[PDB]
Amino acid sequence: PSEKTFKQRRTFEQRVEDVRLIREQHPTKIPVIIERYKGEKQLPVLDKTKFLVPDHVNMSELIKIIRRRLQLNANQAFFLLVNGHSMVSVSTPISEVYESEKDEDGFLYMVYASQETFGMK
């Protein structure tokens, strides 16, 4: 069993409209859904789901932001997977990840998992 994901809580049509509106309001920011990997139980759940990221940052910067928001220990390793099993290079600009890996609804989906969870998998 797993809690409903964002896609299971919000219809495709609702999601498409969310993004249409937010691209008009914040056209220099990428709309991102950040969720805990299915079955990851070590790392905490984020308080929020829908985020906006300035479109000039690279993946390394976003990873830093997420680690900080999750309040991880510095030596707690994790993985960020997009669209949502694909690895990304930390040097990749977020606008490049967006345009290559965005969902059909216009969100970029990401999940995070621990090195432990990732390792035994």
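Residue positions are given as counts along the sequence shown, with the first one as 1. Heads up, when I say rigid core I mean the largest set of C-alphas that superpose within 1.5 Å between the two forms.
With the rigid core held as the alignment frame, decide whether 22-30 or 77-85 lies farther from the shown form in 8 other deposited structures of this protein, in terms of RMS C-alpha distance.
Most displaced of the pair in 8 other deposited structures of this protein: 77-85.
Rigid core superposition result in 8 other deposited structures of this protein, more deviant of 10-18, 107-115 by Cα:
So, of the two stretches, the farther one in 8 other deposited structures of this protein is 107-115.
Using the B-factors recorded in the PDB entry, average over the C-alpha atoms of 22-30 and of 86-94, then report which stretch comes out higher.
Per the deposited B-factors, the answer is 86-94.
With respect to the recorded C-alpha B factors, which stretch has the higher mean value, 95-103 or 108-116?
Between 108-116 and 95-103, it is 108-116 that shows the higher mean C-alpha B-factor.
Hey, out of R68, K50, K41, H56, whose CA B-factor is highest in the deposited coordinates?
Spelled out: the listed residue with the top C-alpha B-factor is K41.
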